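Data block for query-v1.pdb (PDB, C-alpha atoms and all ligand atoms):
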ATOM      1  CA  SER M   1      32.575 -86.269  78.045
ATOM      2  CA  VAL M   2      31.496 -83.538  80.614
ATOM      3  CA  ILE M   3      30.647 -81.291  77.644
ATOM      4  CA  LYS M   4      27.685 -83.220  76.171
ATOM      5  CA  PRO M   5      26.215 -82.664  72.677
ATOM      6  CA  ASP M   6      22.935 -81.389  74.180
ATOM      7  CA  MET M   7      22.760 -79.392  77.371
ATOM      8  CA  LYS M   8      20.437 -77.107  79.213
ATOM      9  CA  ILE M   9      20.479 -73.644  80.750
ATOM     10  CA  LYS M  10      18.786 -71.983  83.634
ATOM     11  CA  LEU M  11      19.555 -68.465  84.667
ATOM     12  CA  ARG M  12      18.619 -65.609  86.765
ATOM     13  CA  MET M  13      19.492 -61.969  86.092
ATOM     14  CA  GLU M  14      19.007 -59.133  88.525
ATOM     15  CA  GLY M  15      19.707 -55.646  87.380
ATOM     16  CA  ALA M  16      18.945 -52.000  86.974
ATOM     17  CA  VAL M  17      18.868 -49.491  84.133
ATOM     18  CA  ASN M  18      19.081 -45.828  85.119
ATOM     19  CA  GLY M  19      18.376 -46.861  88.755
ATOM     20  CA  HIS M  20      15.113 -48.716  88.002
ATOM     21  CA  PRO M  21      15.597 -52.346  89.080
ATOM     22  CA  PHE M  22      14.313 -55.567  87.558
ATOM     23  CA  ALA M  23      14.933 -59.249  87.421
ATOM     24  CA  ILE M  24      14.395 -61.916  84.805
ATOM     25  CA  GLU M  25      14.767 -65.673  84.813
ATOM     26  CA  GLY M  26      14.984 -68.181  82.073
ATOM     27  CA  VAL M  27      15.470 -71.671  80.792
ATOM     28  CA  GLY M  28      16.833 -73.012  77.601
ATOM     29  CA  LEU M  29      19.005 -75.454  75.781
ATOM     30  CA  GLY M  30      21.672 -75.804  73.115
ATOM     31  CA  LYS M  31      24.459 -77.682  71.382
ATOM     32  CA  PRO M  32      27.932 -76.660  72.526
ATOM     33  CA  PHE M  33      29.852 -78.271  69.716
ATOM     34  CA  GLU M  34      27.512 -76.799  67.061
ATOM     35  CA  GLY M  35      27.581 -73.390  68.713
ATOM     36  CA  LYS M  36      23.788 -73.043  68.890
ATOM     37  CA  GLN M  37      21.493 -72.193  71.742
ATOM     38  CA  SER M  38      18.149 -70.761  72.609
ATOM     39  CA  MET M  39      16.188 -69.833  75.668
ATOM     40  CA  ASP M  40      12.930 -68.564  77.098
ATOM     41  CA  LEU M  41      13.043 -65.587  79.408
ATOM     42  CA  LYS M  42      10.419 -64.144  81.804
ATOM     43  CA  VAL M  43      10.422 -60.826  83.613
ATOM     44  CA  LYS M  44       9.813 -61.567  87.323
ATOM     45  CA  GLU M  45      10.265 -58.020  88.708
ATOM     46  CA  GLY M  46      10.248 -54.420  87.416
ATOM     47  CA  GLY M  47       8.052 -55.233  84.410
ATOM     48  CA  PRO M  48       6.950 -53.811  82.003
ATOM     49  CA  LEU M  49      10.613 -52.997  81.199
ATOM     50  CA  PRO M  50      10.856 -49.268  80.257
ATOM     51  CA  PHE M  51      13.975 -49.677  78.020
ATOM     52  CA  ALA M  52      15.061 -51.691  74.945
ATOM     53  CA  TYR M  53      15.302 -55.369  75.791
ATOM     54  CA  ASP M  54      18.090 -55.710  73.204
ATOM     55  CA  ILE M  55      20.582 -54.262  75.717
ATOM     56  CA  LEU M  56      20.155 -57.419  77.834
ATOM     57  CA  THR M  57      20.347 -60.105  75.237
ATOM     58  CA  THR M  58      24.117 -60.626  74.930
ATOM     59  CA  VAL M  59      24.236 -60.860  78.741
ATOM     60  CA  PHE M  60      21.807 -63.902  78.589
ATOM     61  CA  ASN M  61      28.137 -68.134  77.477
ATOM     62  CA  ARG M  62      30.953 -68.746  75.091
ATOM     63  CA  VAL M  63      30.755 -72.629  75.574
ATOM     64  CA  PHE M  64      28.060 -72.341  72.903
ATOM     65  CA  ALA M  65      30.467 -71.471  70.148
ATOM     66  CA  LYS M  66      31.767 -73.971  67.579
ATOM     67  CA  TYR M  67      35.550 -74.241  68.113
ATOM     68  CA  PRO M  68      37.595 -76.090  65.422
ATOM     69  CA  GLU M  69      40.294 -78.526  66.625
ATOM     70  CA  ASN M  70      43.160 -76.191  65.792
ATOM     71  CA  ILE M  71      42.076 -73.431  68.326
ATOM     72  CA  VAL M  72      42.142 -74.022  72.071
ATOM     73  CA  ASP M  73      38.761 -73.715  73.712
ATOM     74  CA  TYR M  74      39.225 -71.802  76.946
ATOM     75  CA  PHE M  75      35.504 -72.313  77.753
ATOM     76  CA  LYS M  76      34.976 -76.040  77.217
ATOM     77  CA  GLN M  77      38.192 -76.799  79.094
ATOM     78  CA  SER M  78      37.009 -74.790  82.100
ATOM     79  CA  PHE M  79      34.234 -77.173  83.071
ATOM     80  CA  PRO M  80      33.127 -78.802  85.269
ATOM     81  CA  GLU M  81      34.348 -76.002  87.605
ATOM     82  CA  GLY M  82      33.256 -73.428  85.018
ATOM     83  CA  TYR M  83      34.043 -69.761  84.581
ATOM     84  CA  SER M  84      32.852 -66.238  84.932
ATOM     85  CA  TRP M  85      32.960 -63.092  82.924
ATOM     86  CA  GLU M  86      32.616 -59.356  83.270
ATOM     87  CA  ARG M  87      31.857 -56.797  80.602
ATOM     88  CA  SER M  88      31.258 -53.140  80.067
ATOM     89  CA  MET M  89      29.113 -52.048  77.106
ATOM     90  CA  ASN M  90      29.930 -48.606  76.083
ATOM     91  CA  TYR M  91      27.231 -46.932  73.922
ATOM     92  CA  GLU M  92      28.019 -44.125  71.632
ATOM     93  CA  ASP M  93      25.675 -41.790  73.392
ATOM     94  CA  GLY M  94      27.245 -42.289  76.806
ATOM     95  CA  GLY M  95      24.856 -44.951  78.101
ATOM     96  CA  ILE M  96      27.049 -47.586  79.827
ATOM     97  CA  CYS M  97      26.173 -51.090  81.004
ATOM     98  CA  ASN M  98      28.247 -53.314  83.232
ATOM     99  CA  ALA M  99      27.339 -56.901  83.541
ATOM    100  CA  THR M 100      28.722 -60.106  85.088
ATOM    101  CA  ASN M 101      27.958 -63.794  84.696
ATOM    102  CA  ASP M 102      29.055 -66.516  87.118
ATOM    103  CA  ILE M 103      28.668 -69.860  85.268
ATOM    104  CA  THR M 104      28.428 -73.310  86.915
ATOM    105  CA  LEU M 105      27.395 -76.722  85.713
ATOM    106  CA  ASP M 106      24.946 -79.083  87.448
ATOM    107  CA  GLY M 107      24.661 -82.331  85.498
ATOM    108  CA  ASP M 108      23.751 -81.405  81.917
ATOM    109  CA  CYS M 109      22.487 -77.876  82.936
ATOM    110  CA  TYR M 110      24.426 -74.639  83.020
ATOM    111  CA  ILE M 111      23.595 -72.151  85.663
ATOM    112  CA  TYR M 112      24.157 -68.423  85.391
ATOM    113  CA  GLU M 113      24.018 -65.925  88.137
ATOM    114  CA  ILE M 114      23.819 -62.605  86.245
ATOM    115  CA  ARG M 115      24.153 -58.996  87.336
ATOM    116  CA  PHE M 116      23.338 -56.108  84.892
ATOM    117  CA  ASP M 117      23.712 -52.361  85.595
ATOM    118  CA  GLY M 118      23.186 -49.547  83.050
ATOM    119  CA  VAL M 119      23.368 -45.818  83.632
ATOM    120  CA  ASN M 120      23.270 -42.588  81.813
ATOM    121  CA  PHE M 121      21.016 -43.567  78.942
ATOM    122  CA  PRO M 122      19.446 -40.338  77.669
ATOM    123  CA  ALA M 123      15.604 -40.185  77.954
ATOM    124  CA  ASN M 124      15.286 -39.416  74.237
ATOM    125  CA  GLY M 125      17.785 -41.920  73.094
ATOM    126  CA  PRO M 126      16.937 -45.192  71.400
ATOM    127  CA  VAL M 127      17.335 -47.515  74.374
ATOM    128  CA  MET M 128      14.824 -45.699  76.653
ATOM    129  CA  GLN M 129      12.617 -44.792  73.650
ATOM    130  CA  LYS M 130      12.709 -48.420  72.580
ATOM    131  CA  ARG M 131      13.769 -47.631  69.066
ATOM    132  CA  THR M 132      15.902 -50.700  68.585
ATOM    133  CA  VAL M 133      15.304 -53.561  66.185
ATOM    134  CA  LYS M 134      18.129 -56.058  66.527
ATOM    135  CA  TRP M 135      21.862 -56.474  66.997
ATOM    136  CA  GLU M 136      23.816 -57.007  63.809
ATOM    137  CA  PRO M 137      25.815 -60.151  63.593
ATOM    138  CA  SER M 138      29.388 -59.641  64.887
ATOM    139  CA  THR M 139      32.937 -60.696  65.060
ATOM    140  CA  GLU M 140      34.471 -60.787  68.503
ATOM    141  CA  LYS M 141      38.201 -60.582  68.898
ATOM    142  CA  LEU M 142      39.712 -62.639  71.627
ATOM    143  CA  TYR M 143      43.189 -62.317  73.080
ATOM    144  CA  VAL M 144      45.043 -63.220  76.208
ATOM    145  CA  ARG M 145      45.941 -60.696  78.838
ATOM    146  CA  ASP M 146      47.530 -61.115  82.271
ATOM    147  CA  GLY M 147      46.818 -64.881  82.230
ATOM    148  CA  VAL M 148      43.111 -64.499  81.452
ATOM    149  CA  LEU M 149      41.082 -64.186  78.203
ATOM    150  CA  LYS M 150      39.764 -60.946  76.792
ATOM    151  CA  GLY M 151      37.068 -60.500  74.176
ATOM    152  CA  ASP M 152      36.420 -57.220  72.398
ATOM    153  CA  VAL M 153      33.629 -56.554  69.856
ATOM    154  CA  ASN M 154      32.219 -53.571  67.906
ATOM    155  CA  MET M 155      28.488 -54.066  68.118
ATOM    156  CA  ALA M 156      25.596 -52.342  66.307
ATOM    157  CA  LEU M 157      21.890 -52.041  66.885
ATOM    158  CA  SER M 158      19.725 -51.501  63.834
ATOM    159  CA  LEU M 159      17.273 -48.649  64.616
ATOM    160  CA  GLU M 160      13.627 -48.836  63.491
ATOM    161  CA  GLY M 161      13.975 -45.326  61.898
ATOM    162  CA  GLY M 162      16.989 -46.600  59.874
ATOM    163  CA  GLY M 163      20.641 -46.241  60.751
ATOM    164  CA  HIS M 164      22.606 -47.812  63.595
ATOM    165  CA  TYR M 165      23.566 -47.194  67.204
ATOM    166  CA  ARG M 166      26.973 -48.412  68.071
ATOM    167  CA  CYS M 167      28.323 -49.993  71.274
ATOM    168  CA  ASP M 168      31.759 -51.229  72.305
ATOM    169  CA  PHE M 169      31.955 -54.457  74.390
ATOM    170  CA  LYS M 170      35.048 -55.369  76.461
ATOM    171  CA  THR M 171      34.708 -58.637  78.192
ATOM    172  CA  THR M 172      37.086 -60.388  80.535
ATOM    173  CA  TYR M 173      36.664 -64.163  80.773
ATOM    174  CA  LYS M 174      38.064 -65.896  83.951
ATOM    175  CA  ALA M 175      38.253 -69.676  84.151
ATOM    176  CA  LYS M 176      37.843 -71.156  87.668
ATOM    177  CA  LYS M 177      40.853 -73.444  87.251
ATOM    178  CA  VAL M 178      44.033 -73.594  85.244
ATOM    179  CA  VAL M 179      43.413 -74.336  81.506
ATOM    180  CA  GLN M 180      45.362 -73.762  78.335
ATOM    181  CA  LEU M 181      45.417 -70.299  76.884
ATOM    182  CA  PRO M 182      44.500 -69.842  73.144
ATOM    183  CA  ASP M 183      46.282 -67.585  70.611
ATOM    184  CA  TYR M 184      44.507 -64.548  69.049
ATOM    185  CA  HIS M 185      41.277 -65.718  67.408
ATOM    186  CA  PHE M 186      37.771 -64.610  66.479
ATOM    187  CA  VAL M 187      34.290 -65.563  67.345
ATOM    188  CA  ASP M 188      31.480 -64.744  64.896
ATOM    189  CA  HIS M 189      28.120 -64.395  66.640
ATOM    190  CA  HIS M 190      24.544 -63.826  65.608
ATOM    191  CA  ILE M 191      21.951 -63.146  68.283
ATOM    192  CA  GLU M 192      18.189 -62.938  67.472
ATOM    193  CA  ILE M 193      14.980 -62.351  69.473
ATOM    194  CA  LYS M 194      12.912 -65.051  67.726
ATOM    195  CA  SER M 195       9.630 -64.114  69.453
ATOM    196  CA  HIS M 196       8.342 -61.846  72.193
ATOM    197  CA  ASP M 197       5.064 -60.665  73.676
ATOM    198  CA  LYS M 198       4.041 -56.992  73.643
ATOM    199  CA  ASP M 199       6.077 -55.621  76.585
ATOM    200  CA  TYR M 200       8.649 -58.350  76.296
ATOM    201  CA  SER M 201       7.575 -59.953  79.546
ATOM    202  CA  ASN M 202       8.361 -63.186  77.561
ATOM    203  CA  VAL M 203      11.233 -63.473  75.103
ATOM    204  CA  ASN M 204      12.593 -66.249  73.020
ATOM    205  CA  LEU M 205      16.227 -65.674  72.149
ATOM    206  CA  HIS M 206      18.581 -67.566  69.829
ATOM    207  CA  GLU M 207      22.289 -67.456  69.107
ATOM    208  CA  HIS M 208      24.801 -69.176  67.048
ATOM    209  CA  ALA M 209      28.523 -68.759  67.148
ATOM    210  CA  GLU M 210      31.623 -70.064  65.394
ATOM    211  CA  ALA M 211      35.336 -69.569  66.187
ATOM    212  CA  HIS M 212      37.972 -69.032  63.485
ATOM    213  CA  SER M 213      41.579 -67.973  63.189
ATOM    214  CA  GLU M 214      44.666 -67.173  61.073
TER     215      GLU M 214
HETATM  216 CO    CO X 301      22.814 -66.101  61.289
HETATM  217 CO    CO X 302       8.866 -57.681  67.177
END

Before we go any further, please render this structure as structure tokens.
Ligand SMILES: [Co+2]
Ligand SMILES: [Co+2]
Amino acid sequence: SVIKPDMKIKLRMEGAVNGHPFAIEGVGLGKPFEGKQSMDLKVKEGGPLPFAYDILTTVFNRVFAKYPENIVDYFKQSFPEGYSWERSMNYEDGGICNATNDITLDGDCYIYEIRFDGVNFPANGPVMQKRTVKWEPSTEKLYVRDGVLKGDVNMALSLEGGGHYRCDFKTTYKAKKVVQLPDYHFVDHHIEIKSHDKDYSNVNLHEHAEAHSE
């Protein structure tokens, strides 16, 4: 046991985009072995957010990915101690976000302490003009480096005017104890904002993920 079929999530994120700060909290649930999850998210400070919520959504846990038995699962093995990660998100227009998640487990509920910091998004660009629609589904590429796990992914935001806005994600995953390291593999993801109020003070977010290799 320790990884149960059904588990819960609470989180807090504190952050800032272009020096304007904000914080959001949320609760949710999901199935680790099915790679599915969902959550509700409320802006507690800095609302109404003046930039595209989509930049936050991949920051709001790779335990919720379906691993087959022939690929080692760095994430499920890491609990109950858990793990953290860091990431920079490098947008084609020179906007850059750094984020971190510290993940712990209390009973059947994961707990995330998130930091998010974005800078240099142009005023006319699609993040600050809120011209984004969704992330496309993706394939993350995961490899070992210096004893820890890396995950790189080419991501794309569909723009409401048509076309896409590209971002490169480089994530380092750090387990809090010794676990077995996997060989090169992939994680397919698909993240969707399933509902939201007008200024996104409330968001319902969904993701499903599946590992594969060879
Ligand atoms: Co899908
Ligand atoms: Co909408």

Using the chain letters and residue numbers of this document, give as a PDB file with C-alpha atoms, in the coordinates of the input the residues selected by the PyMOL selection byres (((chain M and resi 18) around 8) and not hetatm).
ATOM      1  CA  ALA M  16      18.945 -52.000  86.974  1.00  0.00           C
ATOM      2  CA  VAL M  17      18.868 -49.491  84.133  1.00  0.00           C
ATOM      3  CA  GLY M  19      18.376 -46.861  88.755  1.00  0.00           C
ATOM      4  CA  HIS M  20      15.113 -48.716  88.002  1.00  0.00           C
ATOM      5  CA  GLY M 118      23.186 -49.547  83.050  1.00  0.00           C
ATOM      6  CA  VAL M 119      23.368 -45.818  83.632  1.00  0.00           C
ATOM      7  CA  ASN M 120      23.270 -42.588  81.813  1.00  0.00           C
ATOM      8  CA  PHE M 121      21.016 -43.567  78.942  1.00  0.00           C
TER       9      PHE M 121
END

- Message: Distance limit 9 Å, reference ligand CO 302 (chain X), atoms considered: only C-alpha atoms and all ligand atoms. Which residues make the cut? Give them as JSON, numbers by chain.
- Response: {"M": [133, 193, 194, 195, 196, 197, 198]}

- Task: Would you write out, as a ChimeraX atom specification, every residue that the PyMOL selection byres (((not hetatm)) within 12 of (chain X and resi 301)) captures in this file?
- Result: /M:35-36,135-138,188-194,206-210

Quick one: everything within 12 Å of stretch 158-165 of chain M, counting only C-alpha atoms, minus sequence neighbours fewer than 3 positions away in the same chain. Send it as a PDB file with C-alpha atoms, in the coordinates of the input.
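New file around-v7.pdb:
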ATOM      1  CA  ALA M  52      15.061 -51.691  74.945  1.00  0.00           C
ATOM      2  CA  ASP M  54      18.090 -55.710  73.204  1.00  0.00           C
ATOM      3  CA  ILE M  55      20.582 -54.262  75.717  1.00  0.00           C
ATOM      4  CA  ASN M  90      29.930 -48.606  76.083  1.00  0.00           C
ATOM      5  CA  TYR M  91      27.231 -46.932  73.922  1.00  0.00           C
ATOM      6  CA  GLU M  92      28.019 -44.125  71.632  1.00  0.00           C
ATOM      7  CA  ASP M  93      25.675 -41.790  73.392  1.00  0.00           C
ATOM      8  CA  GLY M  94      27.245 -42.289  76.806  1.00  0.00           C
ATOM      9  CA  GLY M  95      24.856 -44.951  78.101  1.00  0.00           C
ATOM     10  CA  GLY M 125      17.785 -41.920  73.094  1.00  0.00           C
ATOM     11  CA  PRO M 126      16.937 -45.192  71.400  1.00  0.00           C
ATOM     12  CA  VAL M 127      17.335 -47.515  74.374  1.00  0.00           C
ATOM     13  CA  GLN M 129      12.617 -44.792  73.650  1.00  0.00           C
ATOM     14  CA  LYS M 130      12.709 -48.420  72.580  1.00  0.00           C
ATOM     15  CA  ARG M 131      13.769 -47.631  69.066  1.00  0.00           C
ATOM     16  CA  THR M 132      15.902 -50.700  68.585  1.00  0.00           C
ATOM     17  CA  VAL M 133      15.304 -53.561  66.185  1.00  0.00           C
ATOM     18  CA  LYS M 134      18.129 -56.058  66.527  1.00  0.00           C
ATOM     19  CA  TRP M 135      21.862 -56.474  66.997  1.00  0.00           C
ATOM     20  CA  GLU M 136      23.816 -57.007  63.809  1.00  0.00           C
ATOM     21  CA  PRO M 137      25.815 -60.151  63.593  1.00  0.00           C
ATOM     22  CA  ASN M 154      32.219 -53.571  67.906  1.00  0.00           C
ATOM     23  CA  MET M 155      28.488 -54.066  68.118  1.00  0.00           C
ATOM     24  CA  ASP M 168      31.759 -51.229  72.305  1.00  0.00           C
TER      25      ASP M 168
END

- Task: Spell out the residues picked by the PyMOL selection byres (((chain M and resi 65-79) around 8) and not hetatm) here, as a PyMOL selection string.
- Result: chain M and resi 2-3+32-36+62-64+80-83+104-105+149+175-183+185+187+208-213

- Message: For a test of reading the model, state the distance in Å between atom CA of residue M:170 and atom CA of residue M:153, rounded to one decimal.
- Response: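 Pair atom CA of residue M:170 / atom CA of residue M:153 returns 6.9 Å.
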
- Query: From the list M:174, M:38, M:8, M:21, which residue is nearest residue M:117 when using all atoms listed in the file?
  - Reply: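 Of M:174, M:38, M:8, M:21, the one nearest residue M:117 is M:21, counting all atoms listed in the file.
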
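For the atom pair formed by atom CA of residue M:61 and atom CA of residue M:47, the distance is 24.9 Å, given to one decimal.
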